[PDB]
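We begin with a single chain expressed as C-alpha cells, specifically the form deposited in one PDB entry.
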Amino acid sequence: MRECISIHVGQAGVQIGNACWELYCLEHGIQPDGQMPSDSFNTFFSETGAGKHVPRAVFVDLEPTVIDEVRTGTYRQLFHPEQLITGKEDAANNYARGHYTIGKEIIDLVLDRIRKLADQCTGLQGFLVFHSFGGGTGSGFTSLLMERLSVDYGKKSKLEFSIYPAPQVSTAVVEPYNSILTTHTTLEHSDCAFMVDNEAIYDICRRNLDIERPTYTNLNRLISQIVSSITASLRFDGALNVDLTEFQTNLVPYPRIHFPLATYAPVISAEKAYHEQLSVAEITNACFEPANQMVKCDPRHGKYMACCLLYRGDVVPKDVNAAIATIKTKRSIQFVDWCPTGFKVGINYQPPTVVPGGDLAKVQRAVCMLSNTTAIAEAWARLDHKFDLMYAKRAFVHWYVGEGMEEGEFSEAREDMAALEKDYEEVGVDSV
C-alpha cells in the first residue's frame, strides 16, 4: 500500500531523522512506544500483532555516538534494534573513507535490513535518503548506498534531503570536497533532491525565531516542519491534497535538473504576541520573500520552470486563487518560454502541528513552495569556487588518495559540476 522507506545516514541524517519521526508521531497520534488511541500513515509506519506502529526507516552511521543517543532516548522502543545500525570508527570527514575503506565493511548489512523492510511492502513507492553533503559518512556512505539501491531496486524512486554546508553552522575545511564528490556520484541515481542550506535555516532561526545562537535541535525542528510539509501528501488522505509525486512531474523536466528550491511560511516564534492571526495573501507573499528560502539564492534574477504551492490547515480555494493573482502583477515571476505559468497547488486538511517543548508558534494555516528555478545553480557555484581554491594547490587531496582514491576522480566530479552549471544555463535560454 504505496509505502515509503526513509534512510538516515551520518550524524545530520540521524539527527534530522529524530526530529522528523518525533513530529510524524505527533501528527498521527503515535506514542514514543509505538501505541495509538482511537489510514494513509501506513505508508511511513508498519504494524505488528501488538498494535505497535514501527517506522519504515533505517538509521545508519559508521560511528556509534549519535545512534546510541536514539537507542537510549525518548524514542527507544519506537524503532526495532535491527533498524539502527552502527560501525566502530567514522569516516573522519573523508568521502573516500565512507565510500570505500569503512563503507565496504557495513554496506551488505544495511542493504540486508533495507531488503527486510522492502519485503513488508505490497507496493513500495521508493526511498527518502537523509544526509549531509559535508560529513565523511553523509557523503561517501550515501553515494555508495545510492549506487547499490540502484542495482537492487532498478528504476525505483529515490529522493534526497541533503544538508548544504555553512561556515556559521559548524563546517570543516574539506566539506566543499565531499559536497562535490557526493553530488557527482549520486547525480544519476537520484530522481529528486531537496537541498537545505544550513545558513538559510540559521538565518531564519535568528531573524524569525529570535535565537542568537541556534542549536542543532532548533535547526532540525525547523527542517522537520519543511520535511513534514513535503511528506504530508503521502502520510494523509486529503480531498484538495495534491500528492508529492504530481509536484515531482512538474518539478523535474530533465533527469539532471532535479533540485527544487523550498520556501516556507509562516515561521513565527512561540514567544511573540499570537493575537495577529494569518491570511492566505500574507503567506503567498512570504512564499516569494528570499528570507524564507531553504537555500540562499536569487530567483528574482532567474527563471522558473515549475512553481508549486503546498498548503496545510484552514485554506479555501477562493483565497488561494486571489493570492496566486495580485502577487504575479506586482512581483516579476519570469517563467521559461517552454513552460506554462500557473502554480500547482496542493491543500492538506491536517493543520501544522508543533512540538510542545519547541520554539515554533502554532498556526491555523501554513505553506511550502517548491519551485524549479535556474537560481539554484548559484549554490553549486559557491561550493565549486571553494573546491577550486583548495584543488588548485591539491590541498588535503592526500587523505583521499591515501584511502585508494585517484586524483582523476576529483577532476571528473568537478567536470560534472561544470556541466550541471552549463545545463542550468542552457535550460533558461529561450527557444526559436
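The first residue of the shown sequence is 1; numbering continues from there. Rigid core (definition): largest C-alpha set, two forms, superposition within 1.5 Å.
**Prompt:** Looking at the other compared entries that model both neighbours, is residue 38 missing coordinates in at least a third of them?
**Reply:** Per the records, residue 38 goes unmodelled in at least a third of the other entries.
**Request:** Using the PDB record, quantify the missing residues of the deposited sequence between residue 38 and residue 39 as none, 1 to 3, 4 to 9, or 10 or more.
**Result:** In the deposited sequence, 4 to 9 residues between these two have no coordinates.
**Prompt:** With respect to the recorded C-alpha B factors, which stretch has the higher mean value, 45-53 or 401-409?
**Reply:** Per the PDB entry, the higher value belongs to 45-53.
**Prompt:** Given the B-factors recorded for C-alpha atoms, which segment has the greater mean, 370-378 or 26-34?
**Reply:** For C-alpha atoms only, the mean B-factor is higher in 26-34.
**Request:** Could you tell me which one of 363, 389, 383, 70 shows the highest CA temperature factor in the PDB record?
**Result:** Each of 363, 389, 383, 70 was compared by C-alpha B-factor; the highest is 363.
**Message:** If I read the C-alpha B-factors straight from the PDB entry, which of 253, 260, 342, 176 is highest?
**Reply:** Checking the PDB record, the top C-alpha B-factor among 253, 260, 342, 176 is at 342.
**Prompt:** Once the chain's modelled residues are ordered by C-alpha B factor and cut into thirds, is residue 125 in the lowest, middle or highest one?
**Reply:** Middle third.
**Request:** Would you check the entry's CA temperature factor for residue 87 and let me know if it's in the chain's lowest, middle or highest third?
**Result:** Ranked within chain, residue 87 CA B lands in the middle tercile.
**Request:** Would you please rank residue 184 by its C-alpha temperature factor against the other modelled residues of its chain and give the third it falls in: lowest, middle or highest?
**Result:** It falls in the bottom third of the chain.
**Prompt:** Can you tell me which third, lowest, middle or highest, the CA B-factor of residue 328 falls into for its chain?
**Reply:** Top third by C-alpha B-factor.
**Request:** Determine, from the deposited record, the chain-internal third of the Cα B-factor for residue 231: lowest, middle or highest.
**Result:** Answer is middle: the recorded C-alpha B-factor places it there.
Although not depicted, the form deposited in another entry is the subject of the following passage.
**Message:** At a threshold of 2 angstroms on the CA positions, core aligned, which residue out of 107, 270, 327, 166 shifts between the shown form and the other one?
**Reply:** By this measure, the answer is 327.
**Message:** Would residue 74 count as moving between the shown form and the other one, using a Cα shift of 2 angstroms or more after superposing the core as the test?
**Reply:** Comparing the forms between the shown form and the other one, which are aligned on their rigid core, residue 74 does not shift its C-alpha by 2 Å or more.
**Message:** Once you overlay the rigid core, does the Cα of residue 342 travel 2 Å or further between the shown form and the other one?
**Reply:** It does shift by 2 Å or more.
**Request:** Could you tell me whether the Cα atom of residue 245 shifts by at least 2 Å between the shown form and the other one after core superposition?
**Result:** Result for residue 245: yes, a 2 Å-plus shift.
**Asked** in the other entry, do the Cα atoms of residue 244 and residue 127 sit closer or farther apart than here, given a shift of 3 Å or more?
**Response** Residue 244 and residue 127 sit closer together in the other entry.
**Request:** Kindly indicate if, in the other entry, the C-alpha atoms of residue 334 and residue 341 are closer or farther apart than in the structure shown, bearing in mind the change is 3 Å or more.
**Result:** Here the pair is closer than in the other entry; there, farther apart.
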